[PDB]
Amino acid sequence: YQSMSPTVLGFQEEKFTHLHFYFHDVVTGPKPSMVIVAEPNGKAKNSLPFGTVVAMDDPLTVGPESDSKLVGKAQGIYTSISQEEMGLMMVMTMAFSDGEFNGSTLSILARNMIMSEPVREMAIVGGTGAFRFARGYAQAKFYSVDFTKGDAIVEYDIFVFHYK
């Protein structure tokens, strides 16, 4: 079941890629993009109490507007992970559906201090397809939050070193 393979599949051409898109967490719609999975400490009217988990199938679009070209999906879960200032842990992938990156994914395991940090860095822990052996990071930042409902648009920039 183990089988040592030779390293000599070696020399590969390196690429750099910058992605820029908009992440849509649609809470209150008639077609919302997430669902609460668990809420110990109950339901707050605008915050997320420590311990609650949300599954998420959030669209990634070229611009702030929902009509703009779909370009990927952010799927996974986020969890309220601070008993002090509200913070989240993102455990998700970003799956690309467009052009040269269709089918490829990037993996994220990151803390997300949405209450206090204006530009938030997230670590790329892995990639697939075009992003095999991906090495990079992301910077996230609120484009808008609607605190009536709780919908949010997050602007992402991705910096990823990888191969062709």
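So that there is no doubt, residue numbering starts at 1 and follows the sequence shown.
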Query raised in the report: Quick one: higher average CA temperature factor, 4-12 or 153-161?
Result: 4-12
Report task. Using only the Cα atoms and their B-factors as the entry lists them, report which of 61-69 and 42-50 averages higher. Result -> 42-50
**Report entry** Top Cα B factor in the deposited entry, candidates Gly126, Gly99, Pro118, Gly129
**Finding:** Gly99
Query raised in the report: Which listed residue, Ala138, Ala110, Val26, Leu106, has the largest C-alpha temperature factor in the record?
Result: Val26
Query raised in the report: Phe21's Cα B-factor: lowest, middle or highest third of the chain?
Result: lowest
Query - Ranked against its chain, the third holding the CA B-factor of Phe147 - result: highest
Query raised in the report: When the modelled residues of the chain are sorted by Cα temperature factor, does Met34 land in the lowest, middle or highest third?
Result: highest
